[PDB]
Amino acid sequence: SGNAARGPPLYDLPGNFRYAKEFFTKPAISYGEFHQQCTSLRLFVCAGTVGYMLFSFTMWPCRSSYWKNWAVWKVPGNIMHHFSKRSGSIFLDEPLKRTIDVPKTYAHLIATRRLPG
Amino acid sequence: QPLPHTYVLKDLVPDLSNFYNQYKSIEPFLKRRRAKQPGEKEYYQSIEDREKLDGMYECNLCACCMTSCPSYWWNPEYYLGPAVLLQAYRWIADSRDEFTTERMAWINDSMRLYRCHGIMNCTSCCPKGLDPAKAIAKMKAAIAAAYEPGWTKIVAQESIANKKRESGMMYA
Amino acid sequence: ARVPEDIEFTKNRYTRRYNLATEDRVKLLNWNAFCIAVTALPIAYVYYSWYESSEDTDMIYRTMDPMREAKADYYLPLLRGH
Amino acid sequence: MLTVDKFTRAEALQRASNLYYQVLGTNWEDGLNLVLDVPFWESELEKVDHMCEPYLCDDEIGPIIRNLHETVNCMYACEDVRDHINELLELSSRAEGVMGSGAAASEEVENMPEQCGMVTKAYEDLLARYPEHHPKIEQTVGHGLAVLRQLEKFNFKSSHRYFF
Amino acid sequence: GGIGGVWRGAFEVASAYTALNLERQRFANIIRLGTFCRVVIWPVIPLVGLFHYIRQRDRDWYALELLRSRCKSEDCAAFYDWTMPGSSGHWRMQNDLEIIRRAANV
Amino acid sequence: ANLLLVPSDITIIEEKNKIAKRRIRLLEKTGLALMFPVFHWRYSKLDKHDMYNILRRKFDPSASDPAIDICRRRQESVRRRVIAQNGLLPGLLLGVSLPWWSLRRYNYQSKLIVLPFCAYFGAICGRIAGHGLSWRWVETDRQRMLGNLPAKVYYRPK
Amino acid sequence: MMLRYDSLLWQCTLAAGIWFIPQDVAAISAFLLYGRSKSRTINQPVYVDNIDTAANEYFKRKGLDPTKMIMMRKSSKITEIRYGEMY
Amino acid sequence: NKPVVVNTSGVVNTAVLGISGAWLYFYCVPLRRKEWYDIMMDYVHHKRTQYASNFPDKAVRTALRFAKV
Ligand SMILES: CCCCCCCCCCCCCCCCCC(=O)OC[C@H](COP(=O)([O-])OCC(O)COP(=O)([O-])OC[C@@H](COC(=O)CCCCCCCCCCCCCCCCC)OC(=O)CCCCCCCCCCCCCCCCC)OC(=O)CCCCCCCCCCCCCCCCC
Ligand SMILES: CCCCCCCCCCCCCCCCCC(=O)OC[C@H](COP(=O)([O-])OCC(O)COP(=O)([O-])OC[C@@H](COC(=O)CCCCCCCCCCCCCCCCC)OC(=O)CCCCCCCCCCCCCCCCC)OC(=O)CCCCCCCCCCCCCCCCC
Ligand SMILES: CCCCCCCCCCCCCCCCCC(=O)OC[C@H](COP(=O)([O-])OCC(O)COP(=O)([O-])OC[C@@H](COC(=O)CCCCCCCCCCCCCCCCC)OC(=O)CCCCCCCCCCCCCCCCC)OC(=O)CCCCCCCCCCCCCCCCC
Ligand SMILES: CCCCCCCCCCCCCCCCCC(=O)OC[C@H](COP(=O)([O-])OCC[N+](C)(C)C)OC(=O)CCCCCCCCCCCCCCCCC
Ligand SMILES: CCCCCCCCCCCCCCCCCC(=O)OC[C@H](COP(=O)([O-])OCC[N+](C)(C)C)OC(=O)CCCCCCCCCCCCCCCCC
Ligand SMILES: CCCCCCCCCCCCCCCCCC(=O)OC[C@H](COP(=O)([O-])OCC[N+](C)(C)C)OC(=O)CCCCCCCCCCCCCCCCC
Ligand SMILES: COC1=C(OC)C(=O)C(C/C=C(\C)CC/C=C(\C)CC/C=C(\C)CC/C=C(\C)CC/C=C(\C)CC/C=C(\C)CC/C=C(\C)CCC=C(C)C)=C(C)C1=O
Ligand SMILES: CCCCCCCC/C=C\CCCCCCCC(=O)OC[C@H](COP(=O)(O)OCCN)OC(=O)CCCCCCC/C=C\CCCCCCCC
Ligand SMILES: CCCCCCCC/C=C\CCCCCCCC(=O)O[C@H](COC(=O)CCCCCCC/C=C/CCCCCCCC)COP(=O)(O)OCCN
Ligand code: SF4
Ligand code: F3S
Ligand SMILES: [K+]
């Protein structure tokens, strides 16, 4: 099961860095070593992509509070939420009673940047 | 019945020529860089080192394990099989042998070694109770840890050393 | 069947017969050519996909947060569910 | 070759020597090794020839180039012959049927001994043509003949050295 | 050759291309580029897609927060009711359902 | 007891506001034809027949009525769904023929191993391409919801 | 051919069936459950004692003339109403 | 209930690592990930011939003959 040994294991950072470097300096003269250069290069390319993502969300954090729902301990609760919604029809049988008319208020704000009245 | 997936010469007599050819390929004879100096007696080997060969030097080459390996059923002419791989590691493990890297480089081939899928039909049917699967697993681990970029050149240089050999299977 | 008996085998690198090994090499190029082409799908999806509730989202930023700086008072129960 | 890259003789020697041992050390018997690697060898071989052109008379680079070219010649020749043997073996296998039962057995090869005679003749030609590559020839073509010898009983000079 | 000659001649030109006509460098580069795609590019793309998903959904959710703040309303269900199925919780979707109900019933 | 199936509210509005018949474009016809049958153990999803009715009705482009605007938005969403179905067949055919030609000289086992997976992968690629080219990846959640509203609903008394 | 119950072919099939069928059925059931969860929220079946009374009520509420509406009984427990004048 | 700011970097980054790690693991670490390479080597490799008839060649050949090339 698997290919013949082509290089170092993943956790060997110094060994992988050597193959990743050769991807640019020493051209490969066989498929096996070229594949190894890509796999070793993949380690750092993937690490860089994840690295920037973590940096980006720290330097420029997400502004909404929705992401508090993605906490690990809240995941099972979110799963149960989608399986426990009230049965019925998507269409409204009776008008909804809200204390604020959001569509009407929204229209006024866009037109004037000012609340009605 | 004769051994599975073998060409029957007559009745129960199988045709095991391929098995013999594969065995000769690994060159199962001690190799040393320096010839025995005059006045030198047997090579030193401690009891502990000699104990490593206990489970591997007892093979009778019956080929029961060879013909019980499904990987050998599919690729008999490319896969060395449980018996030949067990013997290859016997010489690799031997302390007296000084060509460990050459042997590991040659055996480090996708067809020769890595067709073993851990089925374990080899250890189950061994008449002498040897464990070819265990030895094959150790050889893979040793090769993976010891691999170097220069192994391919090592194989080539040994092939040049075999240039004047007669016909037959060999290191190449 | 009867395989041809007058095959002119390859003699050197510059006098080569066409064999299945060469045809396999052509397969390798074509299958890898497919991998280059099929990469357009995942890239196209990421570049073109959008996730927006409705057309009001753009209108809200245009009128209430044009510089992506306007802070908004947070009321946790809104998006917290309870 | 169309390239603007420049290399010193020391670099050219290293590239040619690396390619020479890469080809010779590779296991030619496994067909996939040649399928996957040959495209890489050709690209490199084109570069090596271009940079080593001024050193074809060099006392060090010269011999390496000759061996490299000779090895590539032998690799293609052995591959072609062994490729034909694989076809003969595959035809024999399919003639066995499904599960080797003959359930949907195909038509057998009616001129198997003729093919064996043709293949062995090619095998002998390789040995004479490439006296310094016998280890590789025996690995690919010599072993292939031994497999065929199981299917059909034919005589070749090295048959006794393969336990036949 | 008549009309047939033209038919065969056009086909001969049409089916001219073969991989064997490629230069040695381009033959290998195509394999290299294909191998690079499978190993490197493919696993990276989902990560980039995840990044854009988060950024766009954050943009969408925050717009709802901005709207509520300007309205200065504590009636959360009026802006996004979490009990309604599918996407109908969003206030815009609720309005569309309200329009449908009004125009359908008497 | 008994279950009563009646047209949904949005279906009622479409019937009330339609002005004429709408011509079915060529890709729309092929898309509907290639759409799989949908058995209905229960009723919650639009099938090829419901989609045909939606595409057949014609609405006034200039009407400013909010209800009519919803009908147009629903129709556009359904149209994108229907034409996207054309991508499935080309992918499946290419998913089978191309690997089969590639493995033509190989044994039957290889074709059994490889073709089923390539066939499914080809169809998947076709469906992605069809949905992508049908502008489905840029629809807002509002438009998608309207295009997925059921046409038939169990009647709820009172 | 020589077939034996303890053969690798037959034993592998039984091992595969025992190992995978319990997993597959559970996995398929879970997906079916998720589909049911969405289905009931979008359109829950509701039972009416008398079809005629419900049908009349439906026409009144929606302002539909019964003459132009066609009523058909797809099954014993299913009755469907359709527009008579539909393209 | 009305915080002046909300900390999202920690939660978002944790999700990124968990999602990225799982995907990168499945695609990079396991040996099972090379299962398709093994199956092809076991049953498909070197099992080919040009002297046996196959439908794709026959179909192409007949169509060319039918159309006179
Ligand atoms: C195309 C190559 C492209 C290569 C790459 C580009 C580089 C090349 C650049 C230069 C190109 C030159 C163009 C040549 C035109 C054809 C003539 C020719 O060379 O014939 C050689 C040879 C004639 O020899 P000659 O050297 O011309 O001179 C002979 C002597 O002079 C002795 O004279 P003679 O009296 O014995 O000769 C009798 C003479 C009598 O001819 C004359 O009277 C002389 C003038 C002929 C001009 C021909 C121009 C093209 C006609 C078609 C026009 C279509 C208009 C469409 C308008 C749009 C709306 C529909 O016959 C001809 O000249 C042969 C005419 C062949 C016409 C067919 C062209 C190919 C098929 C496409 C058109 C199909 C039309 C179907 C109509 C059906 C009606 C029911 O013709 C043949 O034997 C074979 C004919 C078939 C040619 C097939 C070409 C390949 C087509 C597929 C290309 C695909 C490319 C790949 C990518 C495509 C991506 C989509
Ligand atoms: C109106 C109707 C009529 C007109 C129609 C339109 C006409 C337009 C004309 C102008 C445009 C032309 C377009 C290009 C077409 C050119 C095709 C071509 O040249 O083919 C060369 C090719 C030969 O070249 P070769 O390299 O030597 O190949 C050898 C064989 O092909 C052996 O091959 P293999 O065994 O290695 O297998 C091949 C297969 C190996 O692979 C496979 O088999 C596996 C495939 C993957 C597995 C999964 C399958 C899933 C498939 C999914 C499909 C897509 C789904 C998504 C889309 C859905 C739809 C929306 O390769 C592939 O599948 C690779 C595909 C690569 C795709 C690359 C796409 C490029 C995209 C470029 C970017 C986009 C455009 C630019 C804009 C960019 C903007 C950013 O010919 C063939 O393939 C023919 C094979 C069948 C033989 C019969 C036909 C030929 C005649 C032979 C006669 C022999 C007679 C001998 C007689 C001897 C005695 C006298
Ligand atoms: C459901 C829809 C999808 C279904 C499948 C669709 C199939 C079409 C896919 C099209 C994409 C491209 C396909 C490969 C292109 C060719 C690559 C190539 O030539 O590279 C050298 C290639 C090895 O390339 P490599 O990239 O160095 O090695 C890949 C390693 O895995 C080392 O990889 P790594 O270290 O870079 O790690 C990354 C690894 C990461 O891999 C993964 O992510 C895992 C995938 C594992 C495989 C899953 C499927 C297993 C199916 C086994 C086969 C079926 C058995 C029978 C069952 C049914 C019985 C009735 O990536 C891969 O394994 C390759 C990905 C692309 C191909 C495989 C796609 C699998 C899709 C699976 C989707 C479902 C996933 C569910 C997960 C559930 C989780 C609990 O070696 C060979 O070609 C050996 C051939 C031996 C036989 C001789 C054949 C003639 C030789 C002449 C040349 C022919 C070329 C074409 C070969 C294929 C002919 C059929
Ligand atoms: C030798 C081999 C080297 C190993 C490989 C190294 C490659 C690593 C590459 C990582 C790429 C990161 C891409 C992130 C994609 C996700 C984010 C996204 O798309 O958002 C769009 C974002 C912008 O969106 P945004 O959402 O972040 O924007 C918010 C910012 N404001 C508020 C201002 C709008 O842009 C980018 O993606 C920019 C990515 C920059 C990545 C830089 C990577 C440098 C890596 C250095 C490695 C050095 C190697 C040296 C080797 C030497 C060898 C001897
Ligand atoms: C030296 C090491 C070299 C390693 C090379 C590794 C290459 C890895 C390739 C991965 C490709 C992933 C593509 C995902 C699809 C993205 C499509 C897209 O929408 O893109 C545009 C968008 C633009 O974002 P946007 O915000 O404008 O919105 C576009 C529209 N939406 C929002 C709908 C998506 O995002 C990106 O640009 C995505 C990130 C691209 C990162 C690609 C890899 C960067 C590799 C950097 C190497 C650094 C080298 C270090 C040394 C330098 C020395 C000088
Ligand atoms: C240096 C230290 C670094 C440490 C890094 C640690 C990394 C690992 C951390 C784990 C992160 C996990 C993030 C999951 C994504 C966030 C959760 C999410 O989106 O759910 C909320 C979402 C939000 O739903 P929502 O839209 O209802 O949220 C609103 C919530 N209410 C209604 C209450 C207002 O939930 C859902 O959509 C429901 C389905 C959830 C699916 C969860 C997927 C789990 C993935 C498991 C993978 C396991 C792989 C390994 C398995 C091995 C088995 C042997
Ligand atoms: C060819 O030999 C073989 C190898 O080479 C030695 C292998 O390497 C290998 C290993 C290869 C692999 C593991 C690769 C993967 C292999 C797989 C998935 C299996 C491939 C083989 C097959 C699918 C078998 C081919 C198909 C069949 C044998 C058909 C099976 C179905 C059968 C026999 C049912 C047909 C029965 C009938 C037609 C009878 C009909 C009955 C009636 C009409 C009775 C009517 C009665 C009344 C009352 C009216 C194998 C399996 C092999 O068989
Ligand atoms: C022996 C025991 C056996 C047990 C068997 C049963 C086990 C059951 C286990 C629990 C299963 C629970 C499944 C729950 C599924 C719920 C799915 C869900 O809620 O999804 C929708 C839900 C929101 O949708 P709705 O609220 O319906 O409204 C529409 C949009 N506003 O989705 C989300 O909130 C997002 C979910 C998190 C996604 C995380 C992954 C990131 C996905 C995007 C990746 C980036 C884009 C793709 C890039 C690809 C590039 C190639
Ligand atoms: C190799 C075998 C090929 C076999 C044929 C395959 C054909 C595949 C076609 C069906 C699948 C396509 C995807 C499914 C459809 C998606 C939805 C759709 O219709 O997409 C369009 C957009 O998508 C497309 O346009 C897709 C086009 C795909 C074809 C692209 C190539 C075009 C050039 C063809 C040249 C043909 C040359 C013929 C030569 C003849 C010589 C005699 C949506 O836009 P609309 O709002 O409807 O209107 C757009 C314009 N107002
Ligand atoms: S069965 Fe045991 S003794 Fe016989 S060849 Fe195999 S390992 Fe050696
Ligand atoms: S049965 Fe075969 S697969 Fe390995 S464990 Fe034994 S040699
Ligand atoms: K030793």
# chains A, B, ... in the order shown; residues from 1 in each chain; ligands from 1
>>> residues_around(residues="region 49-52 of chain E", least_positions_apart="4", cutoff="12 Å", atoms="only C-alpha atoms", output="MDAnalysis selection string")
(chainID A and resid 49:57 62) or (chainID C and resid 42:52) or (chainID E and resid 42:45 56:59) or (chainID H and resid 12:13 15:20 23)
>>> write_last_selection(atoms="N, CA and C atoms", output="short mmCIF file (atom, residue, chain, number, x, y, z; two decimals), in the first residue's frame")
data_model
loop_
_atom_site.label_atom_id
_atom_site.label_comp_id
_atom_site.auth_asym_id
_atom_site.auth_seq_id
_atom_site.Cartn_x
_atom_site.Cartn_y
_atom_site.Cartn_z
N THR A 49 -1.25 29.86 3.38
CA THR A 49 -2.65 30.22 3.17
C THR A 49 -3.40 30.27 4.49
N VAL A 50 -3.20 29.27 5.34
CA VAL A 50 -3.84 29.32 6.64
C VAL A 50 -3.26 30.45 7.47
N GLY A 51 -1.96 30.70 7.34
CA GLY A 51 -1.35 31.76 8.12
C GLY A 51 -1.96 33.12 7.83
N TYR A 52 -2.13 33.44 6.55
CA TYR A 52 -2.72 34.73 6.20
C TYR A 52 -4.16 34.83 6.69
N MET A 53 -4.91 33.74 6.58
CA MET A 53 -6.30 33.77 7.03
C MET A 53 -6.38 34.10 8.51
N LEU A 54 -5.54 33.47 9.32
CA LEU A 54 -5.51 33.80 10.74
C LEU A 54 -5.08 35.24 10.96
N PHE A 55 -4.07 35.69 10.22
CA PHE A 55 -3.64 37.08 10.34
C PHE A 55 -4.74 38.03 9.90
N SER A 56 -5.42 37.70 8.80
CA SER A 56 -6.43 38.61 8.27
C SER A 56 -7.57 38.80 9.27
N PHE A 57 -8.01 37.73 9.91
CA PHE A 57 -9.11 37.84 10.86
C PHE A 57 -8.70 38.47 12.18
N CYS A 62 -13.86 40.16 11.91
CA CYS A 62 -15.26 40.18 11.51
C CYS A 62 -16.06 41.04 12.48
N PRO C 42 -13.40 24.59 -9.76
CA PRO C 42 -13.28 25.10 -8.39
C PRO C 42 -12.84 26.55 -8.33
N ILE C 43 -11.93 26.97 -9.20
CA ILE C 43 -11.52 28.37 -9.21
C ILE C 43 -12.68 29.26 -9.63
N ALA C 44 -13.45 28.83 -10.62
CA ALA C 44 -14.58 29.63 -11.07
C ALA C 44 -15.61 29.79 -9.97
N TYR C 45 -15.87 28.73 -9.21
CA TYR C 45 -16.87 28.82 -8.16
C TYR C 45 -16.46 29.83 -7.09
N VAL C 46 -15.19 29.79 -6.67
CA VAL C 46 -14.75 30.69 -5.62
C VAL C 46 -14.75 32.13 -6.12
N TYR C 47 -14.39 32.34 -7.38
CA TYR C 47 -14.29 33.70 -7.89
C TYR C 47 -15.66 34.31 -8.14
N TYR C 48 -16.66 33.50 -8.47
CA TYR C 48 -17.96 34.03 -8.86
C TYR C 48 -19.03 33.91 -7.80
N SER C 49 -18.88 33.01 -6.84
CA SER C 49 -19.94 32.79 -5.87
C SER C 49 -20.10 33.99 -4.94
N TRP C 50 -21.34 34.29 -4.58
CA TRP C 50 -21.66 35.34 -3.63
C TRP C 50 -22.63 34.79 -2.60
N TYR C 51 -22.55 35.32 -1.38
CA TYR C 51 -23.40 34.90 -0.27
C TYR C 51 -24.04 36.15 0.31
N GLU C 52 -25.26 36.46 -0.13
CA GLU C 52 -25.96 37.65 0.33
C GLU C 52 -27.43 37.31 0.52
N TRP E 42 -5.30 22.19 -5.82
CA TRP E 42 -6.60 21.66 -5.42
C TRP E 42 -6.85 21.78 -3.93
N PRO E 43 -5.97 21.33 -3.04
CA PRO E 43 -6.25 21.47 -1.61
C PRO E 43 -6.32 22.91 -1.14
N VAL E 44 -5.63 23.83 -1.82
CA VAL E 44 -5.64 25.23 -1.39
C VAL E 44 -6.99 25.88 -1.67
N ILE E 45 -7.61 25.55 -2.81
CA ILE E 45 -8.80 26.28 -3.24
C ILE E 45 -9.90 26.27 -2.18
N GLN E 56 -18.02 37.19 3.29
CA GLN E 56 -19.29 37.61 2.71
C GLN E 56 -20.44 37.44 3.68
N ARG E 57 -20.47 36.33 4.42
CA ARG E 57 -21.52 36.14 5.40
C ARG E 57 -21.42 37.18 6.50
N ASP E 58 -20.20 37.53 6.91
CA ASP E 58 -20.05 38.58 7.90
C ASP E 58 -20.58 39.90 7.36
N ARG E 59 -20.28 40.21 6.11
CA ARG E 59 -20.82 41.41 5.49
C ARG E 59 -22.34 41.39 5.53
N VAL H 12 -13.35 32.76 15.15
CA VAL H 12 -13.21 32.55 13.72
C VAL H 12 -11.92 31.79 13.42
N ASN H 13 -10.82 32.18 14.06
CA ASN H 13 -9.56 31.50 13.81
C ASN H 13 -9.62 30.04 14.21
N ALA H 15 -12.24 28.10 14.13
CA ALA H 15 -12.98 27.39 13.10
C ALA H 15 -12.12 27.18 11.86
N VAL H 16 -11.34 28.19 11.48
CA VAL H 16 -10.49 28.07 10.30
C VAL H 16 -9.50 26.93 10.49
N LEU H 17 -8.87 26.86 11.66
CA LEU H 17 -7.90 25.79 11.89
C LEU H 17 -8.57 24.43 11.89
N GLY H 18 -9.73 24.31 12.53
CA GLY H 18 -10.40 23.02 12.56
C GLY H 18 -10.85 22.57 11.18
N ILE H 19 -11.43 23.48 10.41
CA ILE H 19 -11.87 23.13 9.06
C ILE H 19 -10.67 22.90 8.16
N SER H 20 -9.68 23.79 8.22
CA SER H 20 -8.50 23.63 7.38
C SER H 20 -7.74 22.37 7.75
N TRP H 23 -9.52 19.11 6.42
CA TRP H 23 -9.41 18.96 4.97
C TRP H 23 -7.97 18.67 4.56
#
>>> residues_near_ligand(ligand="ligand 10", cutoff="10 Å", atoms="only C-alpha atoms and all ligand atoms", output="PyMOL selection string")
chain B and resi 19+55-68+81-87+122-133
>>> write_last_selection(atoms="C-alpha atoms", output="PDB file, in the first residue's frame")
ATOM      1  CA  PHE B  19      10.042 -18.071  -7.467  1.00  0.00           C
ATOM      2  CA  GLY B  55      12.970 -15.793  12.838  1.00  0.00           C
ATOM      3  CA  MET B  56      14.258 -15.334   9.288  1.00  0.00           C
ATOM      4  CA  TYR B  57      17.052 -17.827   8.581  1.00  0.00           C
ATOM      5  CA  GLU B  58      14.752 -20.835   9.113  1.00  0.00           C
ATOM      6  CA  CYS B  59      12.809 -20.445   5.849  1.00  0.00           C
ATOM      7  CA  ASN B  60      12.669 -23.642   3.798  1.00  0.00           C
ATOM      8  CA  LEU B  61      11.588 -21.849   0.602  1.00  0.00           C
ATOM      9  CA  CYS B  62       8.515 -24.081   0.325  1.00  0.00           C
ATOM     10  CA  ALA B  63       6.602 -21.195  -1.327  1.00  0.00           C
ATOM     11  CA  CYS B  64       3.415 -21.773   0.679  1.00  0.00           C
ATOM     12  CA  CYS B  65       3.449 -18.102   1.647  1.00  0.00           C
ATOM     13  CA  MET B  66       4.324 -17.043  -1.907  1.00  0.00           C
ATOM     14  CA  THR B  67       1.181 -18.600  -3.379  1.00  0.00           C
ATOM     15  CA  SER B  68      -1.107 -17.512  -0.526  1.00  0.00           C
ATOM     16  CA  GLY B  81       6.409 -12.042  -2.654  1.00  0.00           C
ATOM     17  CA  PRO B  82       6.483 -12.784   1.071  1.00  0.00           C
ATOM     18  CA  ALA B  83       9.272 -15.370   0.920  1.00  0.00           C
ATOM     19  CA  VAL B  84      11.759 -13.370  -1.139  1.00  0.00           C
ATOM     20  CA  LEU B  85      11.099 -10.185   0.838  1.00  0.00           C
ATOM     21  CA  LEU B  86      11.648 -12.053   4.100  1.00  0.00           C
ATOM     22  CA  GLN B  87      15.039 -13.247   2.870  1.00  0.00           C
ATOM     23  CA  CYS B 122       1.464 -15.407   4.469  1.00  0.00           C
ATOM     24  CA  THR B 123       2.023 -15.779   8.218  1.00  0.00           C
ATOM     25  CA  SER B 124      -1.071 -17.952   8.659  1.00  0.00           C
ATOM     26  CA  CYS B 125       0.040 -20.740   6.312  1.00  0.00           C
ATOM     27  CA  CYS B 126       3.770 -20.824   7.043  1.00  0.00           C
ATOM     28  CA  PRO B 127       4.616 -24.459   7.909  1.00  0.00           C
ATOM     29  CA  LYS B 128       7.624 -23.438  10.005  1.00  0.00           C
ATOM     30  CA  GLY B 129       5.738 -20.752  11.907  1.00  0.00           C
ATOM     31  CA  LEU B 130       7.785 -17.836  10.602  1.00  0.00           C
ATOM     32  CA  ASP B 131       6.313 -14.329  10.343  1.00  0.00           C
ATOM     33  CA  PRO B 132       6.973 -12.903   6.872  1.00  0.00           C
ATOM     34  CA  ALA B 133       4.399 -10.159   7.453  1.00  0.00           C
TER      35      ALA B 133
END
>>> closest_residue(among="E:99, E:33, E:104, E:84", to="ligand 3", atoms="only C-alpha atoms and all ligand atoms")
E:33
>>> closest_residue(among="H:29, H:44, H:6, H:63", to="chain C", atoms="only C-alpha atoms")
H:6
>>> atom_distance(atom1="CA of residue 76 (chain C)", atom2="CA of residue 90 (chain E)")
16.6 Å
>>> closest_atom_pairs(of="chain D", to="chain H", cutoff="7 Å", atoms="only C-alpha atoms", output="CSV")
residue,atom,partner,partner_atom,distance
D:86,CA,H:46,CA,6.7
D:87,CA,H:49,CA,4.8
D:90,CA,H:47,CA,5.6
D:91,CA,H:49,CA,6.8
>>> write_last_selection(atoms="C-alpha atoms", output="compact mmCIF listing (two decimals), in the first residue's frame")
# COMPACT_ATOMS: atom_id res chain seq x y z
CA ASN D 86 3.45 -8.07 -21.95
CA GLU D 87 0.93 -8.11 -24.78
CA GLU D 90 -2.11 -10.43 -21.47
CA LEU D 91 -3.55 -12.26 -24.47
>>> select_by_dssp(residues="region 88-147 of chain F", states="alpha helix (DSSP H)", output="PyMOL selection string")
chain F and resi 88-102+108-133+141-147
>>> write_last_selection(atoms="C-alpha atoms", output="tab-separated table (two decimals), in the first residue's frame")
chain	number	residue	atom	x	y	z
F	88	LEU	CA	-25.85	16.92	-16.62
F	89	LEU	CA	-26.07	14.90	-19.83
F	90	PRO	CA	-22.90	16.22	-21.54
F	91	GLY	CA	-20.89	15.55	-18.40
F	92	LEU	CA	-22.18	12.00	-18.06
F	93	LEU	CA	-21.50	11.16	-21.70
F	94	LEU	CA	-18.01	12.65	-21.57
F	95	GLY	CA	-17.50	11.00	-18.19
F	96	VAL	CA	-18.03	7.57	-19.74
F	97	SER	CA	-16.81	7.86	-23.33
F	98	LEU	CA	-13.49	9.58	-22.66
F	99	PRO	CA	-12.24	7.13	-19.99
F	100	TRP	CA	-13.61	4.21	-21.98
F	101	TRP	CA	-11.63	5.21	-25.05
F	102	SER	CA	-8.57	5.71	-22.87
F	108	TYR	CA	-12.47	-5.68	-18.44
F	109	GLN	CA	-11.66	-5.36	-14.73
F	110	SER	CA	-10.18	-1.90	-15.29
F	111	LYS	CA	-13.32	-0.69	-17.05
F	112	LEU	CA	-15.51	-1.94	-14.21
F	113	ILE	CA	-13.25	-0.27	-11.65
F	114	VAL	CA	-12.76	3.07	-13.39
F	115	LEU	CA	-15.80	3.82	-15.56
F	116	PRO	CA	-18.43	3.92	-12.77
F	117	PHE	CA	-16.42	6.48	-10.83
F	118	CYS	CA	-15.55	8.54	-13.90
F	119	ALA	CA	-19.19	8.49	-14.98
F	120	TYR	CA	-20.34	9.94	-11.67
F	121	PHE	CA	-17.48	12.44	-11.60
F	122	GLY	CA	-18.29	13.55	-15.13
F	123	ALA	CA	-21.92	14.09	-14.22
F	124	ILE	CA	-20.87	16.05	-11.14
F	125	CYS	CA	-18.63	18.26	-13.26
F	126	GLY	CA	-21.47	18.77	-15.71
F	127	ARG	CA	-23.89	19.74	-12.97
F	128	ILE	CA	-21.42	22.23	-11.51
F	129	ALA	CA	-20.84	23.73	-14.95
F	130	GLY	CA	-24.55	23.87	-15.70
F	131	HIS	CA	-25.48	25.53	-12.42
F	132	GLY	CA	-22.54	27.90	-12.68
F	133	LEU	CA	-23.39	28.98	-16.21
F	141	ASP	CA	-31.10	33.93	-0.63
F	142	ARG	CA	-34.33	35.80	-1.35
F	143	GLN	CA	-34.40	34.78	-5.02
F	144	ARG	CA	-33.54	31.18	-4.18
F	145	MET	CA	-36.34	30.98	-1.62
F	146	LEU	CA	-38.91	32.27	-4.10
F	147	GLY	CA	-37.83	29.75	-6.73
>>> residues_near_ligand(ligand="ligand 12", cutoff="8 Å", atoms="only C-alpha atoms and all ligand atoms", output="NGL selection string")
:B and (91-100)
>>> write_last_selection(atoms="C-alpha atoms", output="mmCIF file, in the first residue's frame")
data_model
loop_
_atom_site.group_PDB
_atom_site.id
_atom_site.type_symbol
_atom_site.label_atom_id
_atom_site.label_comp_id
_atom_site.auth_asym_id
_atom_site.auth_seq_id
_atom_site.Cartn_x
_atom_site.Cartn_y
_atom_site.Cartn_z
ATOM 1 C CA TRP B 91 20.563 -10.008 4.817
ATOM 2 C CA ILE B 92 19.723 -6.382 5.588
ATOM 3 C CA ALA B 93 19.385 -7.193 9.287
ATOM 4 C CA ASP B 94 22.601 -9.232 9.360
ATOM 5 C CA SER B 95 25.357 -7.292 11.103
ATOM 6 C CA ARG B 96 28.205 -8.838 9.110
ATOM 7 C CA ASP B 97 26.831 -7.584 5.790
ATOM 8 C CA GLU B 98 28.154 -4.149 4.823
ATOM 9 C CA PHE B 99 25.876 -3.440 1.827
ATOM 10 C CA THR B 100 22.783 -2.505 3.824
#
